[PDB]
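Worksheet: the structure to be examined is printed underneath.
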Amino acid sequence: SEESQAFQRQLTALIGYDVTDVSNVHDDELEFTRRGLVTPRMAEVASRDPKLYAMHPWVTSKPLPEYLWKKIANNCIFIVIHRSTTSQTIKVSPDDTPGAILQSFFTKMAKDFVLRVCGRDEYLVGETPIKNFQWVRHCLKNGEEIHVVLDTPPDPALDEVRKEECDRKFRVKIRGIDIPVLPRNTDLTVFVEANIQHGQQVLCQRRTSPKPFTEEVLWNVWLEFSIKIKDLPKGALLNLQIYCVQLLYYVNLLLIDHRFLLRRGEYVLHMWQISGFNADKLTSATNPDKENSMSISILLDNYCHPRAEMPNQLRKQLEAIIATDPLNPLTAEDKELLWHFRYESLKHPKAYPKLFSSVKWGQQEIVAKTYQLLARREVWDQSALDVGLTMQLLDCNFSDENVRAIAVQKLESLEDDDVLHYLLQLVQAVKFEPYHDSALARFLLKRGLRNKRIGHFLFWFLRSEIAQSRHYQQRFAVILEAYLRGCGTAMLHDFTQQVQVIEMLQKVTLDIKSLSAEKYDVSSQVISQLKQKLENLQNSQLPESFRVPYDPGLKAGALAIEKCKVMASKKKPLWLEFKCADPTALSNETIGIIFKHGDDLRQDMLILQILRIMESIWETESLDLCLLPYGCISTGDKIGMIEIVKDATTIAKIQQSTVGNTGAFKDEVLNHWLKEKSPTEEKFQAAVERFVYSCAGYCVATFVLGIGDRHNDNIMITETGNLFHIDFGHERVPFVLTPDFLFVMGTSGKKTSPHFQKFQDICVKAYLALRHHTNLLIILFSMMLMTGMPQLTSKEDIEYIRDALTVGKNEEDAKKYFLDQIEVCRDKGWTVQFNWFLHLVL
Ligand SMILES: Cc1nc(N)nc2c1cc(-c1cn[nH]c1)c(=O)n2C1CCCC1
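What follows is the structure in structure tokens.
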């Protein structure tokens, strides 16, 4: 067909990769996954409610924080319904369903339709109380009034989907290695290390005789392994690595294919290089660059087609191992204890990661026994979903189909609200899967196709990696295509517009970087070029309206060249302001987006996502630490978009303003900046209240994630007291609590005050609230470093969180430690702040 071909070119433009390309492949796994993904796609597409899908209500089943009821001692929530110019308020109960609200409006004024939010593409529909809608909850947290325009429901016909159409020991021959260009260092020797890895664990290791590092190094060696072919587990990788000792290149080949067949034949594998552990080292993908990359020649001539009662102190020994942290290492003694008493271990869902890692995957008998254990699941299936525990089974330590599936089975219970909270880390967890088609990938696909909101972010998260990861672009592309093949023409159209706008704006940011590279000033010659480039695009290129990638509810239209500016950073970022495409928008505020090139925004995406997970933990204990986890999406190679937080200034800009500059910092400026920016002394005290909470929040979050020690330049504050850290792109103070912050808190030097007692109290509640979910945080942290950052210590770097979360210690010793930390920041004052300035000169 020709319309099947024209649509495939549309999918390729959306993906940023061609899924039909067979040039960097040595098997049909990517094709076989494309076919494989049709069934779960169509099933979900066939199962969806067209009314609800088109309207995507963003709802929750979580209670409603104490701290949010205090906004209603009246049991009355006010909603203002709009038509053309007419607007009328309605007295609503928190449990009032939107259905009851429509026949309370039509009743009141008597002498089919849907409630859409003013300015946004969000709707208040379905069988849920208005207290249970995320937008209403935002209006309550922000003191805002619920403006809702009464209009016709969107046509579910717009969301239409276009119809688709042997006991022999294992051995590998290392023929040789070839690189077209060698010139670098001296002439150090080179050998090939062949590892049978499964769940990051090395089952068997075999090296070659060291030979001279030339442009072609032939060995013609058969590497005999101890492992038998029947004993090889599905999901095992032949990990081929090159050492000079030091590691230069790696490549992995899956010993067993997607059709359970044993890999047999001749392979010329183009290898990835290391810079002079992480998710990239696990990839089955080969380096697409055949011209510059190192390759390995290999040959596979391997054929095939494959009660009692626990003692008191042993039960206690087992329970002590099960109680331990995820980062706690297991002894051969602990493993034998977990395994021998596996049926007792099975009774504890929290023992699962330790138990499933305790398995000897290199033994066909043991794996069958493990498969026998998972059949008696019962205690697992009945356990309350523990995402922390579930995510733990989806990391690098688990390379088994069955173990990984039981964890995915647990994620199904999640409401759309919680899926959004973990989506990024769940997509990032696909990197850990041995195979392209997996339960996790099908889970993500299913969930994305069922909710537009999840589907939007799924697109962008998949796109973020397909554009920057040579290691996983193929796999993510195959899943993106699957998603795009069932999301609907409505969404395919919005995505088309978003991609076009972002591609255009990316060009401008790069072109503007050329004009003044690292010299900081921003000449009117550059300001004119940006202004011309913007008006030149607006005229006949940029579409009339695009969906905001970091906030799909907001639709952005026309630019505002007058507010658009290039900025003073060494990397020249674009500050772009837009008119809200929506005519029913209650305000006149623009949509602000910071298009920037320079840093890897993928790390920032991950940091912001944990920040939202900490906010939700805090909600479970009725704490609101007023964080601002701003919109941030990585669009391509070291390029992306940041959300512009309205009425905000940098902490350094405020100190700078009253002159002094050269390391000079006055403790009073922040307080005067707040008083000056607040029209009434109520607005001022509310801002000090906002500062106390936001400050405590960033202090805890920051310290826990190890991104505490920051420059003034990188901490911002709103005109309304709300503090927030920015740019998490890559003496020591645990966090930023400087004398200027402490002065807003009242306190002057080594003293005490009512607002500081409050601040100290909120830190302890917040820190303890985090510690209640130690394992959750430990796993996300670990995952974030493996899938987002460069090279990382499979202990050191990761163990930071454990030490920072003060694992093992009681609630009193933990509170002391955090209050000690606060004092370190007090003692040093401006020491570190001035120290950054000093480093510019010395
Ligand atoms: C969220 C936000 N709001 C405002 N309103 N200005 C910001 C930011 C964030 C960042 C940011 C950069 N990298 N990562 C984040 C930022 O630089 N800014 C400003 C633009 C120039 C300096 C201050």
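Residue numbers (the authors' numbering): 144 to 254, 269 to 322, 357 to 435, 458 to 489, 497 to 526, 544 to 967, 981 to 1092.
Even for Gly, the Cβ is constructed at its ideal location relative to N, Cα and C.
**Cβ-Cβ separation, residue 911 to residue 896 (assumed contact under 8 angstroms), whole Å** = For the purposes of this step, residue 896 is taken as residue 659 along the sequence shown, with counting starting at 1. For the purposes of this step, residue 911 is taken as residue 674 along the sequence shown, with counting starting at 1. The Cβ separation is near 19 angstroms, so there is no contact.
**Asked** Among 195, 211, 784, 461, which residue has its Cα nearest to the Cα of residue 376?
**Response** Position 185 of the sequence shown, counting from 1, holds the residue named residue 376. Nearest C-alpha to residue 376: 461.
**Request:** Can you say whether residue 1058 is buried or exposed, counting buried as having 16 or more other CB atoms within 10 angstroms of its CB?
**Result:** Your numbering for residue 1058 matches position 808 in the sequence shown. That one is exposed.
**Message:** Could you check whether the stretch 702-717 touches the stretch 497-508, counting it as contact only if at least three pairs of C-beta atoms, one from each stretch, sit closer than 8 angstroms?
**Reply:** Yes: the two stretches touch, three or more of their Cβ pairs being nearer than 8 angstroms.
**Request:** Return the residue from the list 521, 825, 229 that minimises the CA-CA distance to residue 357.
**Result:** One-based indexing of the sequence shown puts residue 357 at position 166. Ranked by Cα distance from residue 357, the first of 521, 825, 229 is 521.
**Message:** Relative to the C-alpha of residue 811, which candidate in 823, 797, 821 has its C-alpha closest?
**Reply:** Walking along the sequence shown from the start, residue 811 turns up at place 574. Minimum Cα distance to residue 811 is reached at 797.
**Prompt:** Taking the continuous alpha helix (DSSP H) assigned at residue 703, which residues delimit it?
**Reply:** Indexing the sequence shown from 1 puts residue 703 at position 466. Here the alpha helix (DSSP H) through residue 703 covers 689-703.
**Message:** Distance check for residue 1015 and residue 1066, CA to CA, integer angstroms please.
**Reply:** As a working note, residue 1066 is residue 816 in the sequence shown. As a working note, residue 1015 is residue 765 in the sequence shown. Here the C-alpha atom of residue 1066 lies approximately 12 angstroms from the C-alpha atom of residue 1015.
**Item:** Beta-carbon proximity of residue 362 to residue 517, cut-off 7 angstroms
**Value:** Locating residue 362 in the sequence shown gives position 171, where the first residue counts as 1. Locating residue 517 in the sequence shown gives position 297, where the first residue counts as 1. No, Cβ-Cβ distance for residue 362 and residue 517 is not below 7 angstroms.
**Request:** Return the chain-ordered list of same chain residues with a C-beta closer than 7 angstroms to the C-beta of residue 738, the five sequence neighbours on each side being excluded.
**Result:** What you label residue 738 is simply residue 501 of the sequence shown in a count that begins at 1. The answer, listed in chain order, is 779, 780, 783.
**Prompt:** Which runs of the beta strand (DSSP E), 3 residues or longer, sit entirely within the stretch 174-250?
**Reply:** Considered as a whole, the stretch 174-250 harbours 220-225, 230-235 as its complete beta strand (DSSP E) runs of no fewer than 3 residues, in chain order.
**Prompt:** Could you check where the beta strand (DSSP E) with residue 398 kicks off and where it finishes?
**Reply:** Looking up residue 398 in the sequence shown gives position 207. That run of the beta strand (DSSP E) goes 392-398.
**Request:** With distances taken Cα to Cα, identify the nearest neighbour of residue 585 among 623, 906, 550.
**Result:** Walking along the sequence shown from the start, residue 585 turns up at place 348. Minimum Cα distance to residue 585 is reached at 623.
**Item:** Element boundaries [beta strand (DSSP E), containing residue 789]
**Value:** Position 552 of the sequence shown, counting from 1, holds the residue named residue 789. 788-796 is the span of the beta strand (DSSP E), which, as asked, contains residue 789.
**Item:** Secondary structure of residue 277, DSSP reduced to three states
**Value:** As a working mapping, residue 277 is identified with position 120 in the sequence shown. Here residue 277 sits in coil by DSSP.
**Prompt:** Going by the CB atoms, is the gap between residue 597 and residue 559 shorter than 7 angstroms?
**Reply:** Taking the first residue of the sequence shown as position 1, residue 559 is located at position 322. Taking the first residue of the sequence shown as position 1, residue 597 is located at position 360. Residue 559 places its beta carbon 7 angstroms or farther from that of residue 597.
**Asked** Using DSSP with H/G/I as helix, E/B as strand and the rest coil, what is residue 419?
**Response** Residue 419 sits at position 228 when you count from the first residue of the sequence shown. In the structure shown, residue 419 sits in a strand (DSSP, three-state: E or B).
**Message:** Is any non-hydrogen atom of ligand 1 found closer than 6 angstroms to the C-beta of residue 280, if you look at the structure I gave you?
**Reply:** Against the sequence shown, residue 280 aligns to sequence position 123. No.
**Message:** Can you give me the C-alpha to C-alpha distance between residue 712 and residue 161, rounded to a whole angstrom?
**Reply:** Sequence index remark: in the sequence shown, residue 712 carries index 475 (1-based). Sequence index remark: in the sequence shown, residue 161 carries index 18 (1-based). Rounded to whole angstroms, the gap between the alpha carbons of residue 712 and residue 161 is 11 angstroms.
**Asked** Which of the three DSSP states, helix, strand or coil, is assigned to residue 483?
**Response** Stepping through the sequence shown from its first residue, residue 483 is reached at position 270. DSSP places residue 483 in strand when its eight states are reduced to three.
**Request:** Entirely within the stretch 771-836 and at least 3 residues each: give me those beta strand (DSSP E) ranges in chain order.
**Result:** Fully enclosed beta strand (DSSP E) runs of 3 or longer: 783-785, 788-796, 811-817, 828-834.
**Residue nearest to residue 165 in terms of C-alpha spacing, selected from 359, 508, 880, 488** = Position 22 of the sequence shown, counting from 1, holds the residue named residue 165. The candidate whose alpha carbon is nearest that of residue 165 is 508.
**Asked** In chain order, what residues of the same chain lie with their CB nearer than 6 angstroms to the CB of residue 876, ignoring the 5 residues before and after it?
**Response** Sequence index remark: in the sequence shown, residue 876 carries index 639 (1-based). For residue 876, where only same-chain residues beyond five positions count, the Cβ hits under 6 angstroms are 743, 834.
**Prompt:** When you compare each of 383, 225, 198, 393 to residue 310 by their alpha carbons, which one comes out closest?
**Reply:** Numbered from 1 along the sequence shown, position 153 holds the residue referred to as residue 310. Distance from the Cα of residue 310 is smallest, within the candidate group 383, 225, 198, 393, for 198.
**Prompt:** Between the beta-carbon of residue 885 and the beta-carbon of residue 955, is there less than 7 angstroms?
**Reply:** The residue labelled residue 885 in the question sits at position 648 within the sequence shown. The residue labelled residue 955 in the question sits at position 718 within the sequence shown. Closer than 7 angstroms, so yes.
**Message:** Restricting to runs no shorter than 3 residues, where is the beta strand (DSSP E) found entirely within the stretch 296-321?
**Reply:** 303-308, all fully within the stretch 296-321.
**Three-way DSSP call (helix, strand, coil) for residue 364 in this model** = Against the sequence shown, residue 364 aligns to sequence position 173. Strand at residue 364.
**Asked** Can you tell me where the beta strand (DSSP E) with residue 961 in it begins and where it stops?
**Response** Translated into positions along the sequence shown, residue 961 becomes position 724. Unbroken beta strand (DSSP E) run through residue 961: 960-962.
**Item:** residue 389 in three-state terms, based on DSSP
**Value:** Taking the sequence shown and counting its residues from 1, the one referred to as residue 389 is at position 198. Assigned with DSSP and collapsed to three states, residue 389 falls in strand.
**Prompt:** Going by C-alpha distance, which of 279, 169, 1055 is nearest residue 688?
**Reply:** To locate residue 688, count along the sequence shown from 1; it is residue 451. Among 279, 169, 1055, the Cα nearest to that of residue 688 belongs to 279.
**Prompt:** When we look at the beta-carbon of residue 413 and count the other beta-carbons within 10 Å, is it buried (16 or more) or exposed?
**Reply:** In the sequence shown, the residue the question calls residue 413 occupies position 222. Exposed, since its Cβ has fewer than 16 Cβ neighbours within 10 Å.
**Message:** Which of the three DSSP states is assigned to residue 871 in this structure?
**Reply:** Within the sequence shown, the letter at position 634 stands for residue 871. Strand.
**Request:** Run the proximity test for residue 804: is its beta-carbon closer than 6 angstroms to any non-hydrogen atom belonging to ligand 1?
**Result:** In the sequence shown, counting from the first residue as 1, residue 804 sits at position 567. At a cut-off of 6 angstroms, the beta-carbon of residue 804 counts as near ligand 1: some heavy atom of the ligand is closer than that.
**Message:** Less than 7 angstroms between the beta carbons of residue 222 and residue 233, yes or no?
**Reply:** Numbered from 1 along the sequence shown, position 79 holds the residue referred to as residue 222. Numbered from 1 along the sequence shown, position 90 holds the residue referred to as residue 233. Result yes, Cβ atoms of residue 222 and residue 233 sit closer than 7 angstroms.
**Request:** Could you check what DSSP says for residue 752 in three-state terms: helix, strand or coil?
**Result:** Here residue 752 refers to the residue found at position 515 when the sequence shown is read from its first residue. The three-state reading of DSSP puts residue 752 in coil, since its state is none of H, G, I, E or B.
**Message:** Closest to residue 934 by C-alpha separation, out of 144, 987, 613, would be which residue?
**Reply:** For the purposes of this step, residue 934 is taken as residue 697 along the sequence shown, with counting starting at 1. Of the listed residues, the one whose Cα sits closest to residue 934 is 987.
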